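Text of the file final_17.txt, holding compact mmCIF, C-alpha atoms:
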```txt
# COMPACT_ATOMS: atom_id res chain seq x y z
CA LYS A 1 0.00 0.00 0.00
CA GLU A 2 1.34 3.41 1.10
CA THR A 3 5.07 4.06 1.49
CA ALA A 4 6.70 4.86 4.86
CA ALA A 5 7.04 8.48 3.74
CA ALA A 6 3.34 8.51 2.82
CA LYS A 7 2.45 6.90 6.16
CA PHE A 8 4.30 9.66 8.02
CA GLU A 9 2.36 12.33 6.12
CA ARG A 10 -0.95 10.61 6.91
CA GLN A 11 -0.20 10.08 10.61
CA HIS A 12 1.68 13.30 11.37
CA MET A 13 1.20 16.08 8.83
CA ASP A 14 -1.58 18.68 9.02
CA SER A 15 -0.42 21.86 7.28
CA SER A 16 -3.99 23.14 6.78
CA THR A 17 -4.23 23.95 10.49
CA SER A 18 -1.91 26.62 11.93
CA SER A 21 -7.26 23.60 16.61
CA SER A 22 -10.46 23.06 18.65
CA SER A 23 -10.98 20.68 21.57
CA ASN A 24 -12.60 18.32 19.04
CA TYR A 25 -9.51 18.35 16.80
CA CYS A 26 -7.90 15.09 17.95
CA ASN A 27 -11.20 13.19 18.12
CA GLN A 28 -11.88 14.14 14.50
CA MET A 29 -8.32 13.84 13.15
CA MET A 30 -7.39 10.56 14.85
CA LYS A 31 -10.43 9.01 13.18
CA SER A 32 -10.18 10.74 9.79
CA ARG A 33 -6.52 9.74 9.43
CA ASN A 34 -7.34 6.09 10.22
CA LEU A 35 -5.45 5.93 13.51
CA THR A 36 -8.38 4.34 15.36
CA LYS A 37 -9.39 1.69 12.80
CA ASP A 38 -7.82 -1.32 14.55
CA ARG A 39 -7.47 0.11 18.05
CA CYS A 40 -7.35 3.52 19.72
CA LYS A 41 -3.75 4.62 19.13
CA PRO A 42 -2.60 5.79 22.62
CA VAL A 43 -0.72 8.93 21.53
CA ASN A 44 -0.02 10.80 18.28
CA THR A 45 1.30 14.19 17.20
CA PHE A 46 0.28 16.35 14.24
CA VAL A 47 2.64 18.98 12.82
CA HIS A 48 1.19 22.28 11.61
CA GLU A 49 4.01 23.40 9.31
CA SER A 50 4.56 23.03 5.59
CA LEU A 51 5.67 19.68 4.23
CA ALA A 52 8.81 21.42 2.93
CA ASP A 53 9.80 22.72 6.38
CA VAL A 54 9.28 19.28 7.99
CA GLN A 55 11.19 17.48 5.23
CA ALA A 56 14.00 20.02 5.76
CA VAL A 57 14.47 18.69 9.32
CA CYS A 58 16.22 15.65 7.79
CA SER A 59 19.19 17.93 7.10
CA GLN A 60 19.16 19.65 10.50
CA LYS A 61 20.39 18.61 13.97
CA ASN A 62 21.33 14.92 14.01
CA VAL A 63 20.37 13.33 17.33
CA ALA A 64 19.99 9.81 18.73
CA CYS A 65 16.58 8.16 18.22
CA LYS A 66 14.70 6.83 21.25
CA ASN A 67 15.32 3.30 19.93
CA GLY A 68 19.07 3.85 19.65
CA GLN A 69 19.27 4.33 15.88
CA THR A 70 21.28 7.38 14.74
CA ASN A 71 19.02 8.64 11.93
CA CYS A 72 16.97 11.12 13.96
CA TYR A 73 16.98 14.87 13.43
CA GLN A 74 15.81 17.74 15.60
CA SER A 75 14.36 20.95 14.12
CA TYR A 76 16.51 24.07 14.62
CA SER A 77 13.39 26.15 15.23
CA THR A 78 10.18 25.42 17.13
CA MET A 79 7.13 24.18 15.21
CA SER A 80 3.39 24.34 15.79
CA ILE A 81 2.24 20.88 16.86
CA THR A 82 -0.82 19.23 18.36
CA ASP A 83 -0.52 16.36 20.80
CA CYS A 84 -3.31 13.78 20.91
CA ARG A 85 -3.49 11.70 24.09
CA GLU A 86 -6.22 9.11 24.73
CA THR A 87 -8.53 9.72 27.71
CA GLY A 88 -9.54 7.19 30.35
CA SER A 89 -13.23 7.08 29.40
CA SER A 90 -12.15 6.32 25.82
CA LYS A 91 -13.35 2.86 24.80
CA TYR A 92 -12.88 1.42 21.31
CA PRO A 93 -14.45 1.98 18.80
CA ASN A 94 -15.35 5.32 20.43
CA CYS A 95 -11.82 6.63 20.86
CA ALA A 96 -11.70 9.86 22.89
CA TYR A 97 -8.64 12.13 22.86
CA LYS A 98 -7.33 15.22 24.66
CA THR A 99 -6.20 17.92 22.22
CA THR A 100 -3.10 19.84 23.34
CA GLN A 101 -1.50 22.55 21.21
CA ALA A 102 2.12 23.60 21.67
CA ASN A 103 5.19 25.05 19.96
CA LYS A 104 8.17 22.74 20.33
CA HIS A 105 11.16 21.41 18.40
CA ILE A 106 10.35 18.12 16.72
CA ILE A 107 12.55 15.05 16.32
CA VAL A 108 11.90 12.80 13.31
CA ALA A 109 13.63 9.72 11.92
CA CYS A 110 14.57 9.97 8.25
CA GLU A 111 15.29 7.28 5.65
CA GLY A 112 15.37 6.64 1.91
CA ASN A 113 16.27 8.42 -1.31
CA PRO A 114 14.98 11.05 -1.19
CA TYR A 115 15.91 11.23 2.51
CA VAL A 116 12.57 12.08 4.13
CA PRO A 117 10.76 11.74 7.50
CA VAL A 118 9.38 8.24 8.17
CA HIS A 119 8.86 8.36 11.96
CA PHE A 120 7.93 11.03 14.52
CA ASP A 121 10.24 10.32 17.46
CA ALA A 122 9.58 13.15 19.91
CA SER A 123 9.00 16.83 20.62
CA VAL A 124 11.27 18.76 23.00
```
Write out the structure in this file as structure tokens.
Amino acid sequence: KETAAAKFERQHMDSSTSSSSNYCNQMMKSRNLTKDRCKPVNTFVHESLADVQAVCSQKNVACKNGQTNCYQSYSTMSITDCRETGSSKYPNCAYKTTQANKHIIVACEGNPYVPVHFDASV
């Protein structure tokens, strides 16, 4: 099906938004992150695809899993953190929408060298 690069865009990119308390509940479902099970946590980046792809040539840092192909953004980025609530019961996945401006860390692979995993936000 979709490529790893495509999967990263589907799960983590949302350039349209620069949202509401309903954001995560709507996005987690629309992006198919609650099809099999309620994905515990997920982050959406509100920056252009170009700016995010550019992170692959920025600050090289260690990935949480120990791999060395992670990169941290030199500048902060608008992001939205989605964290599953306690009352949330599949298929009705409920999330807590939390906006913030932090540096993101993504794992990059391939040719072209592009983001394939969202590792963290600091």
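Distance check against residue 53 in chain A using only C-alpha atoms: of A:93, A:80, A:99, A:5, the minimum falls on A:80.
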*Counting all atoms listed in the file, note down every residue that has an atom within 9 Å of the point (-7.5, 5.3, 16.7) (file coordinates), as a ChimeraX atom specification.*
/A:27,30-31,33-42,86,92-96
_Using Å and a single decimal, report how far CA of residue 121 in chain A sits from CA of residue 4 in chain A._
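Between these atoms lies a distance of 14.2 Å.
For the atom pair formed by CA of residue 74 in chain A and CA of residue 100 in chain A, the distance is 20.5 Å, given to one decimal.
When only C-alpha atoms are used to compute distances to residue 108 in chain A, the closest of the residues A:55, A:18, A:82, A:90 turns out to be A:55.
Proximity of A:50, A:101, A:60, A:3 to residue 21 in chain A, computed with all atoms listed in the file, is greatest for A:101.
Pairwise distance (CA of residue 118 in chain A, CA of residue 22 in chain A) equals 26.9 Å.
Counting all atoms listed in the file, the residue from A:102, A:52, A:109, A:29 that sits nearest to residue 64 in chain A is A:109.
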Would you kindly identify which residues have an atom no farther than 9 Å from (-1.9, 9.1, 25.5), using only C-alpha atoms and the file's own coordinates, and write them out as a short mmCIF file (atom, residue, chain, number, x, y, z; two decimals) with C-alpha atoms, keeping the file's coordinate frame?
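Once written, selection25.cif looks like this:
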```cif
data_model
loop_
_atom_site.label_atom_id
_atom_site.label_comp_id
_atom_site.auth_asym_id
_atom_site.auth_seq_id
_atom_site.Cartn_x
_atom_site.Cartn_y
_atom_site.Cartn_z
CA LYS A 41 -3.75 4.62 19.13
CA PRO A 42 -2.60 5.79 22.62
CA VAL A 43 -0.72 8.93 21.53
CA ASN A 44 -0.02 10.80 18.28
CA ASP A 83 -0.52 16.36 20.80
CA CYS A 84 -3.31 13.78 20.91
CA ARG A 85 -3.49 11.70 24.09
CA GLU A 86 -6.22 9.11 24.73
CA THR A 87 -8.53 9.72 27.71
CA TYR A 97 -8.64 12.13 22.86
CA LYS A 98 -7.33 15.22 24.66
#
```
*asked:* Quick one: residues within 10 Å of residue 57 in chain A, all atoms listed in the file, excluding same-chain residues fewer than 6 positions away - as a PyMOL selection string?
replied: chain A and resi 72-77+106-110+116-117
*For residue 70 in chain A, which of A:89, A:24, A:111, A:17 is the closest residue, counting all atoms listed in the file?*
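For residue 70 in chain A, the nearest of the candidates is A:111.
In this comparison, which uses only C-alpha atoms, the residue of A:78, A:11, A:28, A:16 approaching residue 119 in chain A most closely is A:11.
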